[PDB]
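*Asks:* Structure in structure tokens, see below.
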Amino acid sequence: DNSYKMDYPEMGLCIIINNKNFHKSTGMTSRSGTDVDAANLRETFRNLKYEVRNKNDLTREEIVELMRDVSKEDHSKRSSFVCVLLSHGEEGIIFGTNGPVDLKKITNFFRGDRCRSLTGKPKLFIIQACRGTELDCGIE
Amino acid sequence: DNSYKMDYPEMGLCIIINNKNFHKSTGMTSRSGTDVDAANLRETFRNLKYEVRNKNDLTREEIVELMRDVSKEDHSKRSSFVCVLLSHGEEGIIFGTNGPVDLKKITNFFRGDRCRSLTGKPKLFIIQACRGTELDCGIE
Amino acid sequence: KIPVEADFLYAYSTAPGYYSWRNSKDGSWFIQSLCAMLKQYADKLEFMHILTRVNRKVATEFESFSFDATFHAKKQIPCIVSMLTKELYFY
Amino acid sequence: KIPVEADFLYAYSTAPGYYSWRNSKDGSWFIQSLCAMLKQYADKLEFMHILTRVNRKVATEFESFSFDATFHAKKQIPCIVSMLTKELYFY
Ligand SMILES: *C(=O)[C@H](CC(=O)O)NC(=O)c1cncc(-c2ccc(C(=O)O)cc2)c1
Ligand SMILES: *C(=O)[C@H](CC(=O)O)NC(=O)c1cncc(-c2ccc(C(=O)O)cc2)c1
């Protein structure tokens, strides 16, 4: 057996954190079109039998809390876990409407030792965010 | 075609930088076993038809200089490029016998715009180095 | 016993240190591409190969247009960070 | 036109922030597994899949042993960082 067991009762969760509007203090502009994403994703993962859940404009505190809570649920009947983040960011950092949070912190709630119901199961994290300011000119 | 073209005249280069002994000034210990790896790789890539070249105990300046030279070579008849690094190191860093060298620096020589003979060709970097001091305790 | 950091897959929209492009009416390049590929290959290709298609699409069919030379004619390449132990199929 | 960061593939022996294990007589766990998997599948599997086996083997079959309680019973997981545009086959 060299592929993940995907025949559990349910495919698993799909948390889509969609941050559009940021507090004046962050110095970030509204992310137009992000709703086209969150909508497009929702449908896509629904067709793959994932239980989808959308969240809009959550603060960095809310994001952490949400993760801590989802990682406390029992995933024994779930084949996998998918978490899509759409927001602003820098290298290793994503933005809550009111500020920055490093990925490490919200990812840790899911390691083999902290979230046992998902141990040995594929935990996917899709991230649409900037990782710095470098621009890629291209070639050819 | 969703697969890279590998039917060029030659598979390409396979540079193996193998640093075993470090300057007393760095305080790094000898990397026992590094030779077994170096030979293991040489054989493996030789069978895969690569033009293997080994190098040992290079300083940081030497590594940059070597990489700079390899990229100015013509790779038109080569299908890909492969560089293996065996040394000490931390996140985004690998050690020369005399000190650290940010990885970004040695890899930049090979991006699309800098090395046109390899544009559109697979540039593989295999790194056997520590990316920090953390130790994984395991689960289950 | 397995590593705690194992079985994680981080599919980034862009390479380390770089900017990530979003279209005001179509959504980000990465997300619209990721969803398109899933729609067509979720029942045929293993996940890593699907993200590779996403990678080619973003790098091939997208470029920025701006009146500001600074942000004009810019390119993007997604970044697959896998620590998966096995092959992944959605079927 | 394509991104200048495209077509690179970094195969890390370990995960971000972690230590990597080398065996005094058999060499590093990462490299010995990579070579082993290459010897067996370079003529049959796509490179990302080959690297995925390297991942399982290292995560599964290895574990440190030491008299020092701190260096004892540790694990390791390789880290594949792909920005490849196409599927890679050594044949
Ligand atoms: C950086 O964290 C974010 C990531 C995200 O997905 O939100 N990206 C942007 O802020 C971004 C993305 N796409 C386009 C633009 C932008 C806006 C205006 C111009 C212009 O030329 O006027 C160019 C690019 C910003
Ligand atoms: C960290 O930069 C390096 C990377 C490398 O490839 O050498 N790793 C080590 O230095 C390393 C890796 N595995 C084992 C050991 C080691 C050394 C001494 C003891 C001891 O008990 O004295 C245990 C393990 C070091």
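We name chains A, B, ... following the order of the structure tokens; residues begin at 1 in each chain, and ligands are numbered from 1 as shown.
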Output the coordinates of chain D after least-squares fitting to chain C on all in-order C-alpha pairs, as a PDB file with C-alpha atoms, in the first residue's frame.
*Replies:*
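As a result, result-v2.pdb now contains:
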ATOM      1  CA  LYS D   1       6.411   5.495  15.189  1.00  0.00           C
ATOM      2  CA  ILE D   2       6.497   8.394  12.646  1.00  0.00           C
ATOM      3  CA  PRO D   3       7.662  12.039  12.518  1.00  0.00           C
ATOM      4  CA  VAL D   4       5.235  14.621  13.851  1.00  0.00           C
ATOM      5  CA  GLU D   5       5.988  16.769  10.799  1.00  0.00           C
ATOM      6  CA  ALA D   6       5.075  14.049   8.312  1.00  0.00           C
ATOM      7  CA  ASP D   7       1.901  13.870   6.211  1.00  0.00           C
ATOM      8  CA  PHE D   8       1.617  17.642   5.654  1.00  0.00           C
ATOM      9  CA  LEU D   9       1.478  19.301   2.233  1.00  0.00           C
ATOM     10  CA  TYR D  10       1.704  23.022   1.708  1.00  0.00           C
ATOM     11  CA  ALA D  11       0.646  24.342  -1.688  1.00  0.00           C
ATOM     12  CA  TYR D  12       1.961  27.890  -1.983  1.00  0.00           C
ATOM     13  CA  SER D  13       0.554  30.271  -4.572  1.00  0.00           C
ATOM     14  CA  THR D  14       4.018  31.722  -5.140  1.00  0.00           C
ATOM     15  CA  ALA D  15       7.733  31.184  -4.511  1.00  0.00           C
ATOM     16  CA  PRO D  16       9.651  32.194  -1.333  1.00  0.00           C
ATOM     17  CA  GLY D  17      10.069  35.962  -1.130  1.00  0.00           C
ATOM     18  CA  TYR D  18       7.748  36.697  -4.037  1.00  0.00           C
ATOM     19  CA  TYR D  19       4.514  38.605  -4.593  1.00  0.00           C
ATOM     20  CA  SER D  20       1.321  36.743  -5.538  1.00  0.00           C
ATOM     21  CA  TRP D  21      -1.221  37.941  -8.118  1.00  0.00           C
ATOM     22  CA  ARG D  22      -4.967  38.412  -7.574  1.00  0.00           C
ATOM     23  CA  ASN D  23      -7.356  39.480 -10.351  1.00  0.00           C
ATOM     24  CA  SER D  24     -10.119  41.916  -9.357  1.00  0.00           C
ATOM     25  CA  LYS D  25     -12.794  40.021 -11.295  1.00  0.00           C
ATOM     26  CA  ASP D  26     -11.413  36.534 -11.944  1.00  0.00           C
ATOM     27  CA  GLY D  27      -9.695  36.002  -8.610  1.00  0.00           C
ATOM     28  CA  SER D  28      -6.103  34.942  -7.950  1.00  0.00           C
ATOM     29  CA  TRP D  29      -4.237  33.214 -10.784  1.00  0.00           C
ATOM     30  CA  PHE D  30      -3.184  30.454  -8.401  1.00  0.00           C
ATOM     31  CA  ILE D  31      -6.626  29.576  -7.109  1.00  0.00           C
ATOM     32  CA  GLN D  32      -8.454  29.773 -10.410  1.00  0.00           C
ATOM     33  CA  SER D  33      -5.915  27.392 -11.977  1.00  0.00           C
ATOM     34  CA  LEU D  34      -6.020  25.005  -9.024  1.00  0.00           C
ATOM     35  CA  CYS D  35      -9.792  24.707  -9.223  1.00  0.00           C
ATOM     36  CA  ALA D  36      -9.690  24.345 -12.988  1.00  0.00           C
ATOM     37  CA  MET D  37      -7.129  21.508 -12.803  1.00  0.00           C
ATOM     38  CA  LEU D  38      -9.020  19.852  -9.982  1.00  0.00           C
ATOM     39  CA  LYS D  39     -12.244  19.887 -12.006  1.00  0.00           C
ATOM     40  CA  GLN D  40     -10.443  18.141 -14.841  1.00  0.00           C
ATOM     41  CA  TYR D  41      -8.131  15.635 -13.191  1.00  0.00           C
ATOM     42  CA  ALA D  42      -9.214  14.822  -9.636  1.00  0.00           C
ATOM     43  CA  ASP D  43     -10.707  11.657 -11.147  1.00  0.00           C
ATOM     44  CA  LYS D  44      -7.566  10.727 -13.047  1.00  0.00           C
ATOM     45  CA  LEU D  45      -4.235  12.055 -11.719  1.00  0.00           C
ATOM     46  CA  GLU D  46      -2.194  11.722  -8.540  1.00  0.00           C
ATOM     47  CA  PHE D  47      -2.262  14.954  -6.544  1.00  0.00           C
ATOM     48  CA  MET D  48       1.414  15.921  -7.055  1.00  0.00           C
ATOM     49  CA  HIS D  49       0.866  15.611 -10.791  1.00  0.00           C
ATOM     50  CA  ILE D  50      -2.298  17.714 -10.599  1.00  0.00           C
ATOM     51  CA  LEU D  51      -0.335  20.379  -8.703  1.00  0.00           C
ATOM     52  CA  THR D  52       2.392  20.197 -11.347  1.00  0.00           C
ATOM     53  CA  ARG D  53      -0.193  21.192 -14.002  1.00  0.00           C
ATOM     54  CA  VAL D  54      -1.294  24.043 -11.740  1.00  0.00           C
ATOM     55  CA  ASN D  55       2.340  25.070 -11.849  1.00  0.00           C
ATOM     56  CA  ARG D  56       2.700  25.040 -15.663  1.00  0.00           C
ATOM     57  CA  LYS D  57      -0.593  26.836 -16.232  1.00  0.00           C
ATOM     58  CA  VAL D  58       0.322  29.659 -13.871  1.00  0.00           C
ATOM     59  CA  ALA D  59       3.864  29.959 -15.194  1.00  0.00           C
ATOM     60  CA  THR D  60       2.717  29.828 -18.798  1.00  0.00           C
ATOM     61  CA  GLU D  61      -0.715  31.426 -19.195  1.00  0.00           C
ATOM     62  CA  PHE D  62      -0.438  34.423 -16.851  1.00  0.00           C
ATOM     63  CA  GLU D  63       1.330  37.792 -16.850  1.00  0.00           C
ATOM     64  CA  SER D  64       0.521  41.090 -15.176  1.00  0.00           C
ATOM     65  CA  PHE D  65      -0.488  44.203 -17.078  1.00  0.00           C
ATOM     66  CA  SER D  66      -0.173  47.622 -15.492  1.00  0.00           C
ATOM     67  CA  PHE D  67       0.405  51.248 -16.376  1.00  0.00           C
ATOM     68  CA  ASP D  68       3.006  51.248 -13.591  1.00  0.00           C
ATOM     69  CA  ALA D  69       6.257  50.080 -15.186  1.00  0.00           C
ATOM     70  CA  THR D  70       7.118  48.212 -11.998  1.00  0.00           C
ATOM     71  CA  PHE D  71       3.939  46.107 -11.778  1.00  0.00           C
ATOM     72  CA  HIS D  72       3.955  45.461 -15.502  1.00  0.00           C
ATOM     73  CA  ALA D  73       4.731  42.155 -17.237  1.00  0.00           C
ATOM     74  CA  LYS D  74       5.548  40.155 -14.107  1.00  0.00           C
ATOM     75  CA  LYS D  75       5.366  36.390 -13.803  1.00  0.00           C
ATOM     76  CA  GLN D  76       4.621  33.866 -11.073  1.00  0.00           C
ATOM     77  CA  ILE D  77       5.441  30.289 -10.123  1.00  0.00           C
ATOM     78  CA  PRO D  78       3.584  28.260  -7.486  1.00  0.00           C
ATOM     79  CA  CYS D  79       5.608  26.311  -4.903  1.00  0.00           C
ATOM     80  CA  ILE D  80       4.703  22.771  -3.820  1.00  0.00           C
ATOM     81  CA  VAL D  81       6.054  21.845  -0.386  1.00  0.00           C
ATOM     82  CA  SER D  82       5.436  18.118   0.212  1.00  0.00           C
ATOM     83  CA  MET D  83       6.180  15.938   3.231  1.00  0.00           C
ATOM     84  CA  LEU D  84       3.651  13.368   2.165  1.00  0.00           C
ATOM     85  CA  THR D  85       4.384   9.717   2.784  1.00  0.00           C
ATOM     86  CA  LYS D  86       2.095   8.227   0.168  1.00  0.00           C
ATOM     87  CA  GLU D  87       0.390   8.911  -3.146  1.00  0.00           C
ATOM     88  CA  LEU D  88      -2.861  10.899  -2.871  1.00  0.00           C
ATOM     89  CA  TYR D  89      -5.921  10.175  -5.020  1.00  0.00           C
ATOM     90  CA  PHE D  90      -9.367  11.702  -4.572  1.00  0.00           C
ATOM     91  CA  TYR D  91     -11.069   8.428  -5.510  1.00  0.00           C
TER      92      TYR D  91
END
*Asks:* Chain C: which residues are strand (DSSP E or B) by DSSP, as a count of residues only?
*Replies:* 17
*Asks:* Could you please determine the separation between atom CA of residue A:139 and atom CA of residue B:72 in Å, to one decimal place?
*Replies:*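 Rounded to one decimal, the two atoms are 17.2 Å apart.
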*Asks:* Within 9 Å of chain C, which residues belong to chain A? Use only C-alpha atoms and report them as a short mmCIF file (atom, residue, chain, number, x, y, z; two decimals) with C-alpha atoms, in the first residue's frame.
*Replies:*
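Result file follows (out_18.cif):
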data_model
loop_
_atom_site.label_atom_id
_atom_site.label_comp_id
_atom_site.auth_asym_id
_atom_site.auth_seq_id
_atom_site.Cartn_x
_atom_site.Cartn_y
_atom_site.Cartn_z
CA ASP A 1 0.00 0.00 0.00
CA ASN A 2 1.65 3.19 -1.28
CA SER A 3 -1.30 5.59 -1.48
CA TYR A 4 -3.42 7.09 1.32
CA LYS A 5 -6.50 5.22 2.50
CA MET A 6 -9.36 7.38 1.15
CA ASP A 7 -12.30 5.07 1.85
CA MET A 11 -13.49 12.77 3.00
CA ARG A 31 -8.46 41.91 -1.81
CA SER A 32 -10.92 42.25 -4.68
CA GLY A 33 -11.83 39.01 -6.40
CA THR A 34 -11.11 36.92 -3.32
CA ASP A 35 -14.81 36.14 -3.16
CA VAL A 36 -14.57 34.66 -6.65
CA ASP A 37 -11.92 32.38 -5.16
CA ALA A 38 -13.72 31.37 -1.96
CA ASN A 40 -14.91 28.68 -6.71
CA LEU A 41 -13.06 26.65 -4.06
CA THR A 44 -14.81 22.44 -6.15
CA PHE A 45 -14.24 20.79 -2.80
CA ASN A 47 -17.82 17.99 -5.56
CA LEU A 48 -15.01 16.00 -3.94
CA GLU A 90 4.88 37.71 4.04
CA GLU A 91 7.35 34.84 4.17
CA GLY A 92 5.97 32.40 6.75
CA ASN A 108 1.26 23.11 14.85
CA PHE A 110 -2.14 19.55 13.45
CA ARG A 111 1.04 17.55 13.93
CA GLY A 112 0.90 13.81 14.55
CA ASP A 113 1.39 14.26 18.28
CA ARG A 114 -1.14 17.07 18.84
CA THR A 119 -2.18 11.04 12.43
CA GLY A 120 -1.18 9.08 9.32
CA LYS A 121 -3.62 11.13 7.28
CA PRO A 122 -2.95 13.82 4.62
CA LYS A 123 -3.25 17.33 6.07
CA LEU A 124 -3.31 19.78 3.14
CA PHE A 125 -2.76 23.55 3.40
CA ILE A 126 -3.41 25.69 0.34
CA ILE A 127 -2.13 29.25 0.65
CA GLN A 128 -2.96 32.20 -1.59
CA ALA A 129 -0.85 35.03 -0.15
CA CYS A 130 2.30 37.04 -0.88
CA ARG A 131 5.56 35.70 0.51
CA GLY A 132 7.42 38.98 0.16
CA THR A 133 7.77 41.76 -2.40
CA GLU A 134 10.07 40.28 -5.05
CA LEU A 135 8.62 40.53 -8.58
CA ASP A 136 9.39 37.91 -11.24
CA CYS A 137 10.28 39.54 -14.57
CA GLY A 138 10.36 36.35 -16.60
#
*Asks:* What parts of stretch 74-135 of chain A does DSSP call helix (DSSP H, G or I)? I'd like the answer as a ChimeraX atom specification.
*Replies:* /A:103-110,116-118
*Asks:* For ligand 2, which residue among B:22, B:15, B:82, B:69 is the nearest when counting only C-alpha atoms and all ligand atoms?
*Replies:* B:22
*Asks:* Counting only C-alpha atoms, figure out which residue out of B:75, B:88, B:116, B:104 gets nearest to chain A.
*Replies:*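 The answer is B:116, which sits nearest to chain A.
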*Asks:* Could you name the residues that touch residue A:101 at 10 Å or less, counting only C-alpha atoms, but leaving out those on the same chain fewer than 2 positions away, as a PyMOL selection string?
*Replies:* chain A and resi 59-61+63-64+89-90+92-96+98-99+103-106
*Asks:* Write the selection just made, keeping N, CA, C and O atoms, as a PDB file, in the first residue's frame?
*Replies:*
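Contents of the output file selection-v3.pdb:
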ATOM      1  N   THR A  59     -10.062  37.739  12.539  1.00  0.00           N
ATOM      2  CA  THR A  59      -8.884  38.377  13.096  1.00  0.00           C
ATOM      3  C   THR A  59      -7.858  37.283  13.383  1.00  0.00           C
ATOM      4  O   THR A  59      -8.199  36.093  13.457  1.00  0.00           O
ATOM      5  N   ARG A  60      -6.598  37.680  13.535  1.00  0.00           N
ATOM      6  CA  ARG A  60      -5.547  36.717  13.817  1.00  0.00           C
ATOM      7  C   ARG A  60      -5.918  35.865  15.034  1.00  0.00           C
ATOM      8  O   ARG A  60      -5.640  34.666  15.048  1.00  0.00           O
ATOM      9  N   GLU A  61      -6.547  36.473  16.043  1.00  0.00           N
ATOM     10  CA  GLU A  61      -6.961  35.728  17.237  1.00  0.00           C
ATOM     11  C   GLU A  61      -8.048  34.725  16.864  1.00  0.00           C
ATOM     12  O   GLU A  61      -8.051  33.589  17.327  1.00  0.00           O
ATOM     13  N   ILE A  63      -8.544  33.299  13.982  1.00  0.00           N
ATOM     14  CA  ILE A  63      -7.963  32.234  13.169  1.00  0.00           C
ATOM     15  C   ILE A  63      -7.326  31.154  14.034  1.00  0.00           C
ATOM     16  O   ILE A  63      -7.558  29.964  13.823  1.00  0.00           O
ATOM     17  N   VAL A  64      -6.526  31.575  15.011  1.00  0.00           N
ATOM     18  CA  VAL A  64      -5.867  30.638  15.922  1.00  0.00           C
ATOM     19  C   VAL A  64      -6.921  29.823  16.669  1.00  0.00           C
ATOM     20  O   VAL A  64      -6.882  28.593  16.683  1.00  0.00           O
ATOM     21  N   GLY A  89       0.079  38.584   3.304  1.00  0.00           N
ATOM     22  CA  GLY A  89       1.114  37.875   4.021  1.00  0.00           C
ATOM     23  C   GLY A  89       2.534  38.143   3.588  1.00  0.00           C
ATOM     24  O   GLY A  89       2.797  38.836   2.614  1.00  0.00           O
ATOM     25  N   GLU A  90       3.464  37.579   4.342  1.00  0.00           N
ATOM     26  CA  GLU A  90       4.880  37.708   4.044  1.00  0.00           C
ATOM     27  C   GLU A  90       5.443  36.304   4.206  1.00  0.00           C
ATOM     28  O   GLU A  90       4.696  35.362   4.472  1.00  0.00           O
ATOM     29  N   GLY A  92       6.336  33.098   5.529  1.00  0.00           N
ATOM     30  CA  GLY A  92       5.973  32.399   6.752  1.00  0.00           C
ATOM     31  C   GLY A  92       4.934  33.097   7.612  1.00  0.00           C
ATOM     32  O   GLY A  92       4.716  32.716   8.763  1.00  0.00           O
ATOM     33  N   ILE A  93       4.284  34.113   7.055  1.00  0.00           N
ATOM     34  CA  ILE A  93       3.282  34.875   7.790  1.00  0.00           C
ATOM     35  C   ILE A  93       2.003  35.157   7.003  1.00  0.00           C
ATOM     36  O   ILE A  93       2.062  35.517   5.825  1.00  0.00           O
ATOM     37  N   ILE A  94       0.847  34.967   7.635  1.00  0.00           N
ATOM     38  CA  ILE A  94      -0.409  35.301   6.962  1.00  0.00           C
ATOM     39  C   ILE A  94      -1.082  36.371   7.812  1.00  0.00           C
ATOM     40  O   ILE A  94      -0.855  36.469   9.023  1.00  0.00           O
ATOM     41  N   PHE A  95      -1.911  37.180   7.173  1.00  0.00           N
ATOM     42  CA  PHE A  95      -2.573  38.262   7.878  1.00  0.00           C
ATOM     43  C   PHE A  95      -4.009  38.033   8.324  1.00  0.00           C
ATOM     44  O   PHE A  95      -4.865  37.596   7.552  1.00  0.00           O
ATOM     45  N   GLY A  96      -4.251  38.314   9.596  1.00  0.00           N
ATOM     46  CA  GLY A  96      -5.598  38.248  10.116  1.00  0.00           C
ATOM     47  C   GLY A  96      -6.051  39.673   9.816  1.00  0.00           C
ATOM     48  O   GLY A  96      -5.201  40.564   9.694  1.00  0.00           O
ATOM     49  N   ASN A  98      -6.836  42.007  11.447  1.00  0.00           N
ATOM     50  CA  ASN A  98      -6.218  42.974  12.354  1.00  0.00           C
ATOM     51  C   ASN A  98      -4.712  42.810  12.533  1.00  0.00           C
ATOM     52  O   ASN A  98      -4.110  43.454  13.399  1.00  0.00           O
ATOM     53  N   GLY A  99      -4.096  41.948  11.730  1.00  0.00           N
ATOM     54  CA  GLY A  99      -2.663  41.764  11.867  1.00  0.00           C
ATOM     55  C   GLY A  99      -2.118  40.422  11.432  1.00  0.00           C
ATOM     56  O   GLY A  99      -2.858  39.518  11.050  1.00  0.00           O
ATOM     57  N   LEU A 103       2.515  31.168  10.114  1.00  0.00           N
ATOM     58  CA  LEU A 103       1.930  29.874   9.784  1.00  0.00           C
ATOM     59  C   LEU A 103       2.240  28.759  10.778  1.00  0.00           C
ATOM     60  O   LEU A 103       1.384  27.931  11.092  1.00  0.00           O
ATOM     61  N   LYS A 104       3.480  28.736  11.244  1.00  0.00           N
ATOM     62  CA  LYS A 104       3.950  27.733  12.191  1.00  0.00           C
ATOM     63  C   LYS A 104       2.929  27.505  13.307  1.00  0.00           C
ATOM     64  O   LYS A 104       2.564  26.369  13.603  1.00  0.00           O
ATOM     65  N   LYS A 105       2.461  28.599  13.897  1.00  0.00           N
ATOM     66  CA  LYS A 105       1.507  28.560  14.997  1.00  0.00           C
ATOM     67  C   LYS A 105       0.165  27.895  14.712  1.00  0.00           C
ATOM     68  O   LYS A 105      -0.352  27.159  15.550  1.00  0.00           O
ATOM     69  N   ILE A 106      -0.412  28.152  13.547  1.00  0.00           N
ATOM     70  CA  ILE A 106      -1.697  27.551  13.238  1.00  0.00           C
ATOM     71  C   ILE A 106      -1.549  26.199  12.565  1.00  0.00           C
ATOM     72  O   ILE A 106      -2.529  25.487  12.366  1.00  0.00           O
TER      73      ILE A 106
END
